[PDB]
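Asker: take a look and give me a structure for this.
(4 chains)
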There are 4 protein chains.
Amino acid sequence: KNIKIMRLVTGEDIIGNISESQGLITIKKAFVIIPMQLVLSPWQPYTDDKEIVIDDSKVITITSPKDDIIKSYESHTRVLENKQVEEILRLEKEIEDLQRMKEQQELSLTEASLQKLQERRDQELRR
Amino acid sequence: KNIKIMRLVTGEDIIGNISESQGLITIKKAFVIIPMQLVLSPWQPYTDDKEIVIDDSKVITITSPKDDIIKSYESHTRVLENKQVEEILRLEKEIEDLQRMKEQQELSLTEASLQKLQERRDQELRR
Amino acid sequence: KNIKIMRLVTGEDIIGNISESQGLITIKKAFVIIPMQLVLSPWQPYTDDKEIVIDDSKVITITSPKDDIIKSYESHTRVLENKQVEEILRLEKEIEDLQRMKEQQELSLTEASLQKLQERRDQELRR
Amino acid sequence: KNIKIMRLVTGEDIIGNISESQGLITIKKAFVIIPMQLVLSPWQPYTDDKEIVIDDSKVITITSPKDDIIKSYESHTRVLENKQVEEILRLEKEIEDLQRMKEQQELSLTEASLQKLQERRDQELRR
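Answerer: Numbers count the residues shown, from 1 in each chain, chains lettered A, B, ... in the order given. You can find the structure just below:
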């Protein structure tokens, strides 16, 4: 782990775990810092990648943060990850309940109703 | 098919497909008739059975309905069955969409996040 | 366990654990169903019996309930039983506290006061 | 097909089909992403080219989008293309109708009127 802040040519403060191999650097868990108390925001809300590759020519300065900023960053990312996993569990429970309720509702149909169900299911499958 | 109306000792008009084998009669798709234009309502909304067995000592009279009542009954049951099958299809589509969205959300998690996910999934499974 | 709904000639819906031995049927944990959401009420609040014997000539129809009704019935009876056992524990604690307080108050009496206490206790015992 | 989002030094988010051959990259169907729900806008409304060539030194980061963004992008481009082809058909119908109406109006002219028509048509042709 190596948490560092960088300043971009655009004028943004990015805090994240960086690796500087051969000029092309790799960033994990990048967060935009916005003052007002520090406010951490996601850098790229339009992707699901983890290792973001950026050239060193686009970063102005690369500094090491203080202890309070590191603590706040770790707490924020931990809270976000816990919220994500809790949402995953909630989704699993909801889909299980919906599946069981749909199965119970389907159990009370006549045989010709299952015939029509299949005669529309194949149409929905082909289209 | 043998659609017939009966009057119960309670004072209810039940229209349905009946079979009179040995005194104990069997009813399929029973509907309560309520005047005001005829209004057809479900007889037993607290069960999923199809063949309801009732003794002949609890029915007052057993008559054959006219053509308009039979037409209205067939139309009503057809509309109800179509609504049920459409609801089944809607439920299937909704659960498929929810499953796909949950899978996409889960795909963006770190390995230790899957570790914690399993360490809570086993707890939810045992309890 | 065999949970079933029945309709009575009076016009009541009774959900409970039934046994049909020789026409005379036995009911355990009978509950009256009242619509409005289902509302479960005690059938016989004027007795403490468990096995209620009723003849098959007084029941109109005997159907099997759906899964949601069974779940609601089990939850309701479990909540009622937990409330009853909690009330039993509360009563035990209250009577223990009252006994201890009465003993402490009685400990501070003179011997002639115990004499008069007995000379009225025997009168209360004979009457 | 390779749909990807990029961030420019200007501070713009461009989603499109990119090809990275030798540093000079080629973009097809570039769209500017504007948040508020994602809003897709044309990147270059002042040209009709398809393959836009841009150097890698002008792009900050190059990420892969999620599934929802790809779905929205495909739907948006399909709707735009359908609107364009429908407009082409409407234009063809309108010009055909105008041609037929002009021909019908011209059919009702005297020979000297066609003489004057030509004596002005040649003037309009030379000028």
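
Asker: going forward, measure contacts between C-alpha atoms and count neighbours the same way
Answerer: OK.

Asker: right, and the helix or strand after the helix or strand hosting residue A:97?
Answerer: When secondary structure is defined by DSSP states H and E, residue A:97 falls within helix A:67-106. The element immediately downstream of helix A:67-106 (helix or strand, assigned by DSSP H and E) is helix A:111-126.

Asker: tilt between that following helix and helix B:67-106?
Answerer: Helix A:111-126 runs at 40 degrees relative to helix B:67-106, counting by axes from the mean of the first three to the mean of the last three C-alpha atoms, to 10 degrees.

Asker: does any bit of helix A:111-126 sit next to chain B?
Answerer: Yes. Helix A:111-126 is in contact with chain B by C-alpha under 8 Å from any C-alpha of the partner chain, via A:113, A:117.

Asker: near chain C, which residues of chain A show up?
Answerer: On the criterion C-alpha under 8 Å from any C-alpha, chain C has as its neighbours in chain A the residues residue A:104.

Asker: what about the residue positioned nearest the centre of chain A, which SS state?
Answerer: Compute the mean C-alpha point of chain A, and by C-alpha atoms, centre = their mean the closest residue is residue A:48, 6.0 Å away. Remark: residue A:48 carries the secondary structure label coil [criterion: DSSP: H, G, I helix; E, B strand; the rest coil].

Asker: which one in chain A is furthest away from the centre?
Answerer: residue A:112 (45.6 Å).

Asker: any buried residues in stretch A:113-126, and which?
Answerer: By neighbour count, with 16 or more other C-alpha atoms under 10 Å in any protein chain shown as the criterion, the buried positions of stretch A:113-126 are A:113, A:117.

Asker: for it, list the C-alpha coordinates in CSV.
Answerer: In CSV, the C-alpha atoms belonging to stretch A:113-126 read as follows (Å, rounded to 0.1, in the frame of the first residue of the first chain):
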residue,chain,number,x,y,z
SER,A,113,-52.3,-22.1,-18.8
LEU,A,114,-48.8,-23.6,-18.8
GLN,A,115,-49.3,-24.4,-22.5
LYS,A,116,-50.1,-20.8,-23.3
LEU,A,117,-47.2,-19.7,-21.0
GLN,A,118,-44.8,-21.8,-23.1
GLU,A,119,-46.4,-20.6,-26.3
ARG,A,120,-45.5,-17.1,-25.3
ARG,A,121,-42.2,-17.9,-23.6
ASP,A,122,-40.8,-19.3,-26.8
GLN,A,123,-41.9,-16.2,-28.7
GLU,A,124,-40.2,-14.0,-26.1
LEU,A,125,-37.1,-16.2,-26.3
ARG,A,126,-36.8,-15.9,-30.1
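
Asker: that older thread, packing partners for the helix holding residue A:97?
Answerer: Under the contact definition 3 or more C-alpha pairs under 8 Å, 6 or more residues apart in numbering or on different chains; DSSP states H and E, helix A:67-106 sits against helix B:67-106, helix B:111-126.

Asker: show me the contacts for whichever residue of chain A sits closest to chain D.
Answerer: Closest contact between chain A and chain D, by C-alpha to the nearest C-alpha, is at residue A:47 (4.4 Å). Taking C-alpha atoms under 8 Å, 6 or more residues apart in numbering or on different chains, we find residue A:47 in contact with D:63, D:64, D:65, D:66.

Asker: quick one, phi psi at the second one?
Answerer: Right, the one you point to is residue D:64. phi -100, psi 130 (degrees, to the nearest 10).

Asker: tell me how many other residues crowd it.
Answerer: 16 (other C-alpha atoms under 10 Å in any protein chain shown).

Asker: tell me the contacts of it?
Answerer: Remark: with contacts taken as C-alpha under 8 Å, 6+ apart, residue D:64 is in contact with A:47, A:48, A:49, D:3, D:4, D:5.

Asker: quick check, nearest of these to chain B?
Answerer: For the contacts of residue D:64, the residue nearest chain B by C-alpha to the nearest C-alpha is residue A:48; the value is 6.1 Å.

Asker: looks like that closest one contacts residue B:109 (just checking).
Answerer: No. Between residue A:48 and residue B:109 there is no contact, the gap being 9.2 Å when judged by C-alpha atoms under 8 Å.

Asker: my guess is residue A:30 contacts residue A:45, does it?
Answerer: No. Shown here, residue A:30 and residue A:45 do not form a contact pair, counting by C-alpha under 8 Å, at 10.8 Å.

Asker: more neighbours: the two, which one.
Answerer: Under the criterion of other C-alpha under 10 Å, the comparison of residue A:30 against residue A:45 puts residue A:30 first, with 23 against 9.

Asker: and that one, that one's in a strand?
Answerer: Yes. Using three-state DSSP, the assignment for residue A:30 is a strand.

Asker: what helix or strand is the residue nearest to it when sequence neighbours are not counted on?
Answerer: Using C-alpha to C-alpha, 6 or more residues apart in numbering or on different chains and skipping the chain neighbours, the partner closest in space to residue A:30 is residue A:16 (4.5 Å). Residue A:16 belongs to strand A:13-22 when elements are defined using DSSP H and E.

Asker: packing partners for that strand?
Answerer: strand A:3-8, strand A:24-34.

Asker: other residues contacting the first one?
Answerer: Residues outside strand A:3-8 that contact it (C-alpha under 8 Å, 6+ apart) are A:13-18, A:58-65, A:70.

Asker: which of those residues sit farthest apart?
Answerer: Comparing every pair within the contacts of strand A:3-8 by C-alpha to C-alpha identifies A:58 and A:70 as the most remote, at 23.5 Å.

Asker: burial of residue A:65, as a residue count?
Answerer: The number of residues packed near residue A:65 is 13, by other C-alpha under 10 Å.

Asker: sec struct for it, please.
Answerer: Secondary structure of residue A:65, reduced to three states by three-state DSSP: coil.

Asker: re earlier: angle of the helix holding residue A:97 against strand A:24-34?
Answerer: Relative orientation of helix A:67-106 versus strand A:24-34 (the same axes, to 10 degrees): 90 degrees.

Asker: identify the residue of chain A closest to chain C, quick one.
Answerer: Sorted by distance to chain C under C-alpha to the nearest C-alpha, the residues of chain A start with residue A:104, at 7.9 Å.

Asker: and the gap between the spatially closest residue to that residue that is not a sequence neighbour and residue A:113?
Answerer: Using C-alpha to C-alpha, 6+ apart and skipping the chain neighbours, the partner closest in space to residue A:104 is residue C:67 (7.9 Å). As for residue C:67, its distance to residue A:113 is 21 Å (criterion: C-alpha to C-alpha, to the nearest Å).

Asker: and what of residue A:19?
Answerer: Separation of residue A:19 from residue A:113 (C-alpha to C-alpha): 61 Å.

Asker: repeat for residue A:55
Answerer: 62 Å.

Asker: and for residue A:21, the neighbour number?
Answerer: One way to gauge burial is a neighbour count; for residue A:21, by other C-alpha under 10 Å, it gives 8.

Asker: wait, residue A:15 touches residue A:30, no?
Answerer: Yes. Counting by C-alpha under 8 Å, residue A:15 touches residue A:30, with 5.6 Å between them.

Asker: for residue A:48, grab phi and psi.
Answerer: Residue torsions, per degrees, to the nearest 10, at residue A:48 are phi -120, psi 10.

Asker: who's in contact with residue A:93?
Answerer: For residue A:93, the set of contacting residues under the criterion of C-alpha under 8 Å, 6+ apart is empty.

Asker: next one: residue A:55
Answerer: Contacts for residue A:55 were tallied using C-alpha under 8 Å, 6+ apart; they are A:23, A:24, A:25, D:60.
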